[PDB]
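Worksheet for the structure shown next.
Neighbour counts run over all protein chains shown; Cβ positions are idealised from the backbone, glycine included. No value in this document is a laboratory result; all are computed from the given coordinates.
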Amino acid sequence: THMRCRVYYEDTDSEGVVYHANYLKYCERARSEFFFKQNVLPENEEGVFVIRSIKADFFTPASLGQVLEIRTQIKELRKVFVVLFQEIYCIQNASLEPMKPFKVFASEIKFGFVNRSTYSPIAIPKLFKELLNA
Amino acid sequence: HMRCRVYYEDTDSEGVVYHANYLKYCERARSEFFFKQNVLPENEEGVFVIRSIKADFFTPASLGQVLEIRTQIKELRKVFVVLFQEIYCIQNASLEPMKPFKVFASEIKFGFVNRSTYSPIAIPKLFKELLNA
Amino acid sequence: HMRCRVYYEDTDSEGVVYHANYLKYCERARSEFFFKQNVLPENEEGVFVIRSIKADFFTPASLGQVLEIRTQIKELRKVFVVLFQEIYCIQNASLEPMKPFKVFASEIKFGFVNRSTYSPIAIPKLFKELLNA
Amino acid sequence: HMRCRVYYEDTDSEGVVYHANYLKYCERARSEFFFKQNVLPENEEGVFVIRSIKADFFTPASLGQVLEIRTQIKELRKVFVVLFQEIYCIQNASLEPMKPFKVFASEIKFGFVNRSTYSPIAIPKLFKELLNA
């Protein structure tokens, strides 16, 4: 259940918290791992997913050594696009002292599926549709 | 407002800019606004904090292209500022003429807070004055 | 040993891991050694500072592959430590069987510095005892 | 010489440039040489591949500083090139006076290879003369 990410030096900035764009990387890993875990890449012989839009809110900033949990759900799945909701919670600190998980970031992201050359909108592959549903 | 080149570090296996990197180009344009006016976008006890982002992705840019990031102030209040930024591709590395095209747009809201407490304070006079000009 | 997956963020337009990212992987492996034991690789008075890196690049890794970072203490002195790290690809996303292959190796020298001054001091007892194992 | 600004994306929790980022700066400087001659550093069946890096780290750079990347050819063969690249910090964002200081120095070897095979091939004539210049 879910994906867990450790916050490393590479993820932090001079303020001592995770650099804002890195939360998007964590969300991306979560999405791709769903495919990797079914032994496939999130792309196929004549199509690829393309991000259309993101809505993101920032909550308590994460910091070095914390373990973050990325929670993913399908908001909406159509023939031509999918919208995902992803939330990130800090679930552990580096000291492994007891803590109530706290929200760090949330996003809603819309993806289309397109041909590589043309970049024209095509249907999400049936196999990927099934995987998303699950 | 600011121009930057797409380098290998910026691209992914699909041959276009990895999506999150557009947020980096936008951040550079925000910070350079301050840097070129000889200040850091932070001070003694306080920093800007991002509250929310709304971003739209359009035609992807790729290796060696020159991008132009245009930044405008959508809203400026005592305690927050909302910026709208758009990125256009304006040149190929090869130089073949091309009509510039939109690549990305974002609307981002920033607060200003005390570092230690994250308590919201007014955007400091220094930065407010700069943002007014 | 620590394992990492190659994600889109790690790849470049040639479909392989962008070269500098291998250093990030090695860093993760070093930090996890401390994280495992419920501490940060830094304390109240000091931080580790990289002095030098010798790195070699072998067969490139690609999207979805699993890499294993192997770390050994080449040399441990009062004031510095030299770590040798190798990265091997051990799995495909598809789980198609494969002989592991070397991707990257680095030898890095770290000193420990009294923060402010950045002046070199002995590695602390806690890290010393850990680093020995 | 290429100049690069230190942005938040470049810094870590210790307030200095994350170590691997210096390799990115050196890469930009290399690719820009090619982009300026209106070419990408690759052609129809060949790419440059990094084989090895030797690097030393000196005084760290921080937020807002301007870094200058100086590049020279240490060795050019038909098969491979070794470049020496040094990074100096030359200014603060604030323009508070400072004597430029060395931040990073690397020697990097590159081969030119087939994509399909990764078998080495002669550096292209156009690229060989670019490199020599």
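Does the protein assembly as shown classify as rounded, prolate or oblate by the C-alpha gyration tensor (a ≥ b ≥ c root eigenvalues; a/c under 1.5 gives rounded; else a/b over b/c gives prolate, otherwise oblate)?
rounded
Could you tell me how far the Cα centroid of region A:1-64 sits from the Cα centroid of region D:69-133, in Å?
32 Å
If we count every other residue with Cβ under 14 angstrom of B:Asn132's Cβ, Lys/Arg +1 and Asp/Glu -1, where does the sum land?
With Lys, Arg at +1 and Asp, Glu at -1, the net is +2.
Given contacts defined as C-alpha pairs under 8 Å and at least six residues apart, what's the relative contact order of chain C, whole-number percent?
26 percent
Identify the trypsin sites (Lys or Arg not before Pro) of region D:6-100 meeting these criteria: DSSP loop state and at most 16 other C-beta atoms within 10 Å of the C-beta.
D:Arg77, D:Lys78
Pairing the Cα long axis of helix B:21-35 with the longest principal axis of chain B, what angle in degrees results, from 0 to 90 and rounded to the nearest 10?
50 degrees
Pull up the cross-link candidates among the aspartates and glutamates for C:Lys128, meaning alpha carbon to alpha carbon under 14 Å and not fewer than 8 places away within one chain.
List returned: C:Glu42, C:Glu75.
Longest segment of chain A with no trypsin sites (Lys or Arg not before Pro) in a DSSP loop having at most 16 other Cβ atoms within 10 Å?
A:38-77
Helix A:22-36 versus the longest principal axis of chain A: what angle, 0 to 90°, nearest 10, using Cα atoms?
Its long axis makes an angle of about 50 degrees.
Please enumerate, by chain and number, the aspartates and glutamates with C-alpha under 13 Å from the C-alpha of D:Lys102, excluding those fewer than 8 residues away in the same chain.
Of all the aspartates and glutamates, those that pass the test against D:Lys102 - Cα under 13 Å, at least 8 places apart if same chain - are D:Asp56, D:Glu68, D:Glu86.
Rounded, prolate or oblate, given the Cα gyration tensor of chain D, with a/c below 1.5 counting as rounded?
prolate
First check a/c for region A:60-134, with a ≥ b ≥ c the square roots of the eigenvalues of its C-alpha gyration tensor; if it is under 1.5, answer rounded, and if not, answer prolate when a/b is larger than b/c or oblate otherwise.
It comes out prolate by the Cα gyration axes.
Under the rule of -39500 (n - 2.57) per DSSP H run of 4 or more residues, summed and divided by the residues of chain D, what mean residue ellipticity at 222 nm is obtained, to the nearest 500 deg cm²/dmol?
Mean residue ellipticity, 222 nm, calculated: -5500 deg cm²/dmol.
Give the range of the longest stretch in chain C that excludes all GluC sites (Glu not before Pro) found in loop regions by DSSP and having at most 16 other beta-carbon atoms within 10 Å.
C:46-133
Let me check I've understood the local charge: for D:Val47, count other residues with C-beta under 11 angstrom from its C-beta, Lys and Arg +1, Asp and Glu -1. What total comes out?
Summing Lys/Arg as +1 and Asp/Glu as -1 gives -4.
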